[PDB]
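Peer 1:
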Amino acid sequence: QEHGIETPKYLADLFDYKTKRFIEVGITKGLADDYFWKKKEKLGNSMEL
Amino acid sequence: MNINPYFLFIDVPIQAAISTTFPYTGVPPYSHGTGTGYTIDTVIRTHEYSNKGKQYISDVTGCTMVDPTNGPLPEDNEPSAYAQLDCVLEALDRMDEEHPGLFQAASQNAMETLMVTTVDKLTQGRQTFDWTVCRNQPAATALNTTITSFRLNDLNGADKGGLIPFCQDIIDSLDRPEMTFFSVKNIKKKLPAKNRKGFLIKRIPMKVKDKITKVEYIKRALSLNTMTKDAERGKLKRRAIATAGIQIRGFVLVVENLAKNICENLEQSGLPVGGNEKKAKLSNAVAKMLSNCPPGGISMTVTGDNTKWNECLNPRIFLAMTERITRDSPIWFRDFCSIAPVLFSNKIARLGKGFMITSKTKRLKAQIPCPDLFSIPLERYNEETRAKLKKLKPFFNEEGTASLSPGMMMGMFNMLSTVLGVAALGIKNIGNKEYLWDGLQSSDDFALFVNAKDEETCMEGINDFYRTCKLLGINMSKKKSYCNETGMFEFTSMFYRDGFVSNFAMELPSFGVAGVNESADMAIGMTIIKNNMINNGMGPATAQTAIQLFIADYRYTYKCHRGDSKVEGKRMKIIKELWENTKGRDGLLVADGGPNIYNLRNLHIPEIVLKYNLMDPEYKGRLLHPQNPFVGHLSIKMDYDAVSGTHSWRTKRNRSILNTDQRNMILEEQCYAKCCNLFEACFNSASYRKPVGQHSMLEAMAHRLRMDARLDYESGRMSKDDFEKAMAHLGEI
Amino acid sequence: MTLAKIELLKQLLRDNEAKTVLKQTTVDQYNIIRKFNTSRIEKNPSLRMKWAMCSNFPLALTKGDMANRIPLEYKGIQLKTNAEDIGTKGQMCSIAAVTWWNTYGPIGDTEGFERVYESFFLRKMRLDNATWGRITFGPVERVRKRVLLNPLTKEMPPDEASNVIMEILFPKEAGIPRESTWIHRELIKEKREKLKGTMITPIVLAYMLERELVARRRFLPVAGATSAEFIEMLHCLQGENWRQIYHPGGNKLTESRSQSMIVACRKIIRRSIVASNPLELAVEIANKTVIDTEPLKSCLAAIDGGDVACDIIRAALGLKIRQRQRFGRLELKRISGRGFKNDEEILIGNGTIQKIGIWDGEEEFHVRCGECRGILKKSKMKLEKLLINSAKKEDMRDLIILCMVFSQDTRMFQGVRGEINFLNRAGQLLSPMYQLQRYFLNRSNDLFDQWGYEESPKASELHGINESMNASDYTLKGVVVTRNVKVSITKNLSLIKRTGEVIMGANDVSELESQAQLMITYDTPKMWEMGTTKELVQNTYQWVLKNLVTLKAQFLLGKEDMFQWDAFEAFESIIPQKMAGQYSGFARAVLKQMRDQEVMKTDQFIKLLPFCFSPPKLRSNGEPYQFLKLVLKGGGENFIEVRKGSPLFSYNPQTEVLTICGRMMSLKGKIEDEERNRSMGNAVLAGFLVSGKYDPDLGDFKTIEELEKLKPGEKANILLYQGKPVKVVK
Amino acid sequence: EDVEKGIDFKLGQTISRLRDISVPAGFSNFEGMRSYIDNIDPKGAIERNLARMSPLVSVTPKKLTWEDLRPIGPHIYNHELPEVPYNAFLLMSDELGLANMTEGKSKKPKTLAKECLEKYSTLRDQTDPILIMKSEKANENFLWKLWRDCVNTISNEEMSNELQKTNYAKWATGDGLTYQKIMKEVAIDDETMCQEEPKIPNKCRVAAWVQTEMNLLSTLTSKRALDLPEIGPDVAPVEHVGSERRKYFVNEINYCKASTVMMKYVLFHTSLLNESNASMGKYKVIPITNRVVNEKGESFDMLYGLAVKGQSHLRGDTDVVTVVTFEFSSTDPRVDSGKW
Amino acid sequence: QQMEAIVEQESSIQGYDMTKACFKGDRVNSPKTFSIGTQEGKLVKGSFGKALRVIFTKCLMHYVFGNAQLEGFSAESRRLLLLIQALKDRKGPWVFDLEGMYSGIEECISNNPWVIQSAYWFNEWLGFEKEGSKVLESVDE
RNA sequence: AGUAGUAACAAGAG
RNA sequence: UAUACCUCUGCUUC
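Top line first, the protein sequences correspond to chains U, C, F, P and Y. Just so we're aligned, residue 97 is where the first sequence starts under the authors' numbering, counting upward by one. Numbered by the authors' numbering, the letters in the second sequence go through residues 1 to 636, 653 to 749 in order. Numbered by the authors' numbering, the letters in the third sequence go through residues 1 to 485, 496 to 740 in order. Just so we're aligned, residue 194 is where the fourth sequence starts under the authors' numbering, counting upward by one. Just so we're aligned, residue 582 is where the fifth sequence starts under the authors' numbering, counting upward by one.
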């Protein structure tokens, strides 16, 4: 609200002050590419994955 | 010529002019002094109705217990508490068979409600028996003390927020060998002073840890307080009512919620049906019974009322009722629901103040506490009390309390008992005899319709209903109940005569000034007229008269007569000035000696809103000054529509506490008040919405203020000085 | 402000008590420690206030500068005292202090006040702009119903409303985003813009918002008007014995017109049916009926709703007839085909028998649901075709489901699991089809699975879709998604087309007589005629009593001249048409008994004379139908007993007082001398007279089935009212 | 790693042991009742019980006939009892109001009573007591002294309406009559102390003064007493009908006797309550005032008598303040002595 | 209210404001008359205003003599009233323990003037009704 | 005394 | 014991 942007519908993990962007951290076991595009389905492009 | 006001009844029938048989302009009877006699009466009678049952000593409490359930049936019309379990279970089975799905659905709803129910829910129980100080306290305080006490015994269920862990801690606290709790005691401390002698002694209070043994704790947890009921209308002699502890509240809430969820779906239960809807139920329920047996079918209505309603119904039945009703529910919920009856089955009754003995010769008087009740020759008590105290003995406890296994207290399981009544109404017939009964139930008050071919059968149907109710521990009042041919009847002071008539008297006391404040009482005052015009049959003339009478009462009570009038008074002296100063006088509120602008058509409109355009800017500015000191910190039974202005004030606190040992609670209060007032400044929504979280109350404020600081800095509100200072402060915290 | 909060926090944290409180107390428990106080519940505030007002300094001030702006005294009068209040820890004061503050206090900012309390002012304009009408004295049937007390801005559930309020007032503390925000974003935007500059405390704004968002619905005695802007004035609208025409200002809803319109038309029809040349009455009345302010003409013309009666009237005044239907959310218009309802018993999927009205005959409708439009072709329990357009998924889905249910397809009926006899929140049983709607709107997977699929259309403009409302080669069986988007009326109110076929049935309207929404007015003499059972009954018997002088005289002169009179047409509109004749034939005979023979009973004459209007119907034998009580439409109460009195009609011969629906009338000075020991058996059954008194040898009290089968000149026992045996002969 | 999330709520030994002994007769423990309820089918139990239950248990119904309705309260006709005595707070029918014509606007009560007594000086100056009848346990001297103290106190030139706390005032008020509270430890040892037998209302018989009170209070006068304030202007027809109805309904009561009596009670209690709280420890004199308008439309202030307010440190709502009434009358008590 | 109910009920019957009619009478109707009281053992007809004032007076006396005795007496006697109404309407009313009703009522008659008078009035009225019953008892039969 | 009515007040407390 | 012809209290429960 202070920065003047849309509120993420899910709870993000971090927020970058210089970029004014929310960040979502993921810790996978196998491949990262698998865990990435699965998140893309939920978060679209709201948070930085 | 001797006037006789009864002779009106020659012309107008009694239901048509029933309002004239209610003396509600008169004064209601209040109690005086102790109620111990009335309590003891109840204790004696409650056992009197079950003394042929099973007597046994409770190995837990050490108290004398009496059990009527599944006992010998009565051979007389004396109030019987000897209910038969099987019959109750059958009566239930019938209800379940005719209302399938309800029993489990209600339980699921109640369960899913319970799971969501938090602890704060308990704060809205009004007067609650505080077991720590053994006094009736505000529910919130009684709860807070119990939580703070539980914390000392390593029981932090409350910290989770939900009700379940708290209740768990409650049933767990029974197992504790010694229950510890706080008790405040004072300390002198020399504070510096400019006082010849350079110091001052102020008694600083400090909390002390105090212990109670398992049994003595359990006895308190099972105890119920008692007091005489004041202002009870339509009755000569007074009677006693009880108050419960904090423990059982959570367990009762669920049971009553369940019984509510059940009752809502029943068609022959008048609970929790609004008085307006009760007619919608009743008139229809009658309409059904009317057009059912045309051929000489005598439909009779029975104006019912039960005797010893609370004193005959036994917890042991309610336990079975919960056990049956919760059939499909999981075990934990059954165990949860089973508790409150189990507690009420082993409850203890406190006997109020005691008895006052006196000497007229010496002009001396003294109260004898219930513990010291027997520390005196019984001959020194009066003739009746001497008889009572002798009968009390077998159920009397050393610490001055009365064991009371059977019976219920006045207003406890209203829903669940109403269910048991409906269960009686659910049978409708016995032995395939040529009749059918139906009716409406409401706690101790019931209305029974009976259809049959000849009245000789109807009466036997009624007799069957009576003899049936006996088996449920429900006792009909042969003295107060009466039967007649269907067409007219009475139910909870609502009178049916080919249609429910008005009973304007009933609501008449409400017309007076309520006693909230100048702002509210007006709105309330007009709204009551507005409503009574609609529901209770008040014509426009009488309404317009009431509009006048209320202003009359309003202006005297709040001493705010017309600014043009010459009535003297401290306020009036200023009101007159305001009258002289103000231009838009019709804009002035009555509270400010303004003219009454209300009539029939604008009762539903707030006075400020009505007169707003007629006010002067300075007057409305002062009257509605946003930060005026008269209105306190507001926080969101009947509600009203009013505007927050200077007349929306609150009165001073009762000061009698100042010169007693409870002074502490003022500091204890304000100590919270400061934290909450700040927490509200950190979280503005706290006043509206209930904050949620099991984390620290400080942490939230720290984080929130940190973010506020950071954003106020980076946005460009605070300067580097203020930001660094803020972060420097927060850093220490 | 943050710095001040942190500073106060640090100053507070110094106090070990406050520190421990803040550290130990939880965010949940805040809700507890807030309500902690020494205060006690006032059990007699009415008294305690009257007492307190006689004290010197009853009020408590808030600690602050605005309090300090109040002086200690003023021209001798003590305004406030130094002594603090236990609760507020601010100075205490007398009520006078209020009167001072209002007179010489600081003038504060009131900008925004009107927008904040707008909700209330809207009442004031709804009254100020209103226009009043006539007041009329006469009976009023009040039906006790749950109604909305005040008109809202936008009705939401409490949970949904609180979140919106939270979004408006405390956006940072709203927590988890809900869908509501997206739905009411414009409302939020608006209220945010309207409530920006004001200085009033948020806790008040939330209250006023909640007042105009959350609904207050309560049971009340209502008659005619039920709209909120009428309910809020209900106390003035009506009584039990009077009526007041009231026209509230401001704009009124369209649906509110649509609601009343139907009731009005139905009520016109129900009356005009009984009188010969129905069209004449229907037109006469409909010409001069008024809905609040709009005439029924203007309404029927402007609104494109109606149902059955509306079309019939529409064709009676002369305008198009929109044959539109509403299945819950699904809105239909008729393209072609006129089906017929037939009550059958269907064994539904879950394994239960259900009595449902199946619609026989082929039918084609123009269909619309929310935003999704289409065309529906159905036959007896079969979806023949469903040609819809593309739209939002929920609308497409719900359209297809509502069409599937509306079509009464066996594939739908045999797609039920569990139970579908759930009540509504109040505890009322829904109708067979609407239950299936309410069910399949939720659980649709069974339907979609049980439905079946087929090849999609390969025409370029046509497409097929699957269960998740997406394009597919395998479409639902009978479903298609396409890219492309005179009459006359009979005397007896049936609508005929040029080809002779009839499309509207006069006997095809609903008998259900519900309460209107707006003020239903009849700008004609004799309004009552379009009234409730009891209203008509009462007015009728009143009209009888009013003219009893002539009516009782002519009954010794004009044979069947009285039985038909203008006033009774109304009354008859109450009576079940399946009994009207049977009653009339009986009443006329029992009356003719009192005429031709020397046994009169004015109280009975008055009771029966209205029932004799409808053309009579005797039995095969020529004898009439015997009765214990004459039933009327609606409410088990509404019946006229023949021997006994009744909820509608009873007579007290001690005072010669006639009771009509509760109202008292005096027959004294209008009763013959010999009616003292004149038994009632001589006017209870037609062609029967009292011989002696109850003779045990005759046996029991013989019922009507026996009495009708008794041969002429044969004694029998009859029970008048309870405790009055009589011996009667044919 | 997945697990089901069941609700954790289990009973301890104490509460379980309590539950075990919270069962109907014929059950070893709770589990027995639980299984019993969950399993067995009791259909037939009701009738099987009703069969074995004693016939004596019944409702014993009887059809009501008029001769069964015997007159209620057979003792009220018995002359062996004392007829019920007048026990109201103020006088009703027997009232006598000293009338003083005014502008028709509020003045100070003392000034009012002063001017009224100024008009009717002949009675005010009467210091010579002519005793007609005397309440059994009253004190002529104290009462008359109290009356004179009232009259003179009100008649004087100063503002205060306070009475000197004399002996007669202390008697009439009942000073120090409360018993002294003491420790239970003492009272227990003191064998002379006993619980008082409660005072039960006496059994009175019928008295005609009630009948007459009813006959008179319901009668019309030429004097209106009500103080009905203003209301908003009429707009809707209903309001005009109401307003037009009030002219018939209200005036019919306002012109009658009971109205004035009522207004007297109201206006009196209004001030009495105020003095009771404002001046707790001060004995104060309060006039029995009532403004009245005659058919010509002239505001007469009516003074029916003077009342002495006792000591009013009223804590509990039921706590009593003793008030001594001195009320003018035209009734010769010797006529109906049983009334007084 | 109690009388405006009658004015409204009447106005319902004749379709206009029957106030003036009830009070003073008018062109069409006679004035309302009620059985107001007794006189040497016979009824007396009082006007609407008197019937109003009688109720107002009664309501005043309810306050002026209001206490537990009045509450108990009114409450418990109201039942017997209702029964008497049931009898007046011939609705064949049954009772289960009348001595209970009576015992319940009569304990409330001790030293309250209005109670003790109301009992007397009640008995007088109850007396005058039984003369009225003799009209109904032999109807038809 | 009186209020009042199955038990209280007619001041309490430091 | 004293301060105390003082002080506090009027629904604040023991």
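Just so you know, even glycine gets a beta-carbon here, dropped at the ideal spot from N, CA and C.
1. Tell me where the beta strand (DSSP E) around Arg326/F begins and ends.
2. Using a beta-carbon distance below 7 Å, is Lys734/F in contact with chain Y?
3. CB-CB under 6 Å to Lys388/C, same chain, minus the five flanking residues each way: which ones, in chain order?
4. For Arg126/C, list the residues DSSP reports as bridge partners.
5. Could you check whether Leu122/F and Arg217/F sit closer than 7 Å to each other, using their CB atoms as the reference points?
6. Give the C-beta separation of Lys80/F and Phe57/F to the nearest angstrom, bearing in mind that I take them to be a contact with Cβ-Cβ under 8 Å.
7. Give, in chain order, every residue of the segment 621-645 of chain Y whose Cβ lies closer than 7 Å to some Cβ of chain C.
8. Would you say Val342/C and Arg212/P are within 7 Å of each other, going by their C-beta atoms?
9. Could you tell me whether the segment 555-575 of chain C touches the segment 394-410 of chain P, using the rule of 3 or more Cβ pairs below 8 Å?
10. Can you confirm whether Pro157/F, when its beta carbon is compared against all beta carbons of chain U, has any partner nearer than 7 Å?
11. The alpha helix (DSSP H) spanning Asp521/C covers which residue range?
12. Per DSSP, what are the beta-bridge partners of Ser142/U in this structure?
13. 7 Å is my cut-off, CB to CB: does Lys105/U come that close to chain F?
14. Whose C-alpha, out of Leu619/F, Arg185/F, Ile499/F, is nearest the C-alpha of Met572/F?
15. Any beta carbon of chain C sitting closer than 7 Å to that of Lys303/P?
16. In the DSSP assignment, the beta strand (DSSP E) including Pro192/C goes from what residue to what residue?
17. Taking the runs of the alpha helix (DSSP H) that are 4 residues or longer, which of them lie wholly in the segment 336-412 of chain F?
18. Distance, Cα to Cα, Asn31/F vs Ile682/C?
19. Could you check what DSSP says for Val676/Y in three-state terms: helix, strand or coil?
20. Measuring alpha carbon to alpha carbon, tell me which of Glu722/Y, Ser658/Y, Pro674/Y ends up nearest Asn704/Y.
21. How about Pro171/F: is its C-beta nearer than 7 Å to some C-beta of chain U?
22. Once the 5 residues before and after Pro612/Y are set aside, which same chain residues still bring their CB inside 8 Å of it?
23. Counting only runs of 4+ residues fully inside the segment 386-432 of chain P, write out the alpha helix (DSSP H) ranges in chain order.
24. Starting from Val27/F, find everything on chain C with Cβ-Cβ shorter than 7 Å and list it in chain order.
25. Please classify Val116/F: does DSSP put it in a helix, a strand, or coil?
26. What does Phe677/Y reach in chain C if we use C-beta pairs closer than 9 Å?
Peer 2: With the structure as the only source:
1. DSSP places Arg326/F inside the beta strand (DSSP E), whose first and last residues are 324-327.
2. yes
3. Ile40
4. None, per the DSSP bridge assignment.
5. Not a contact, by the Cβ cut-off of 7 Å.
6. 7 Å
7. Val625, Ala632, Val635, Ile636, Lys639, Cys640, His643, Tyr644
8. yes
9. no
10. no
11. 518-534
12. For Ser142/U, which the question treats as bridged, DSSP gives no partner whatsoever.
13. Taking Cβ atoms only, chain F reaches closer than 7 Å to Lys105/U, which makes this a yes.
14. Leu619/F
15. no
16. 178-192
17. 393-406
18. 19 Å
19. strand
20. Per the Cα distances, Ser658/Y.
21. yes
22. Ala602, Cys603, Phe604, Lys605, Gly606, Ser628, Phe629
23. Counting whole runs of 4 or more residues, the segment 386-432 of chain P contains the alpha helix (DSSP H) stretches 401-410.
24. Within chain C, the residues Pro707, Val708, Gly709, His711, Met713, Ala716 have their CB atoms less than 7 Å from the CB of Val27/F, given in chain order.
25. helix
26. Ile462, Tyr466, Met476, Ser477, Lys478, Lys479, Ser481, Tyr482, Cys483
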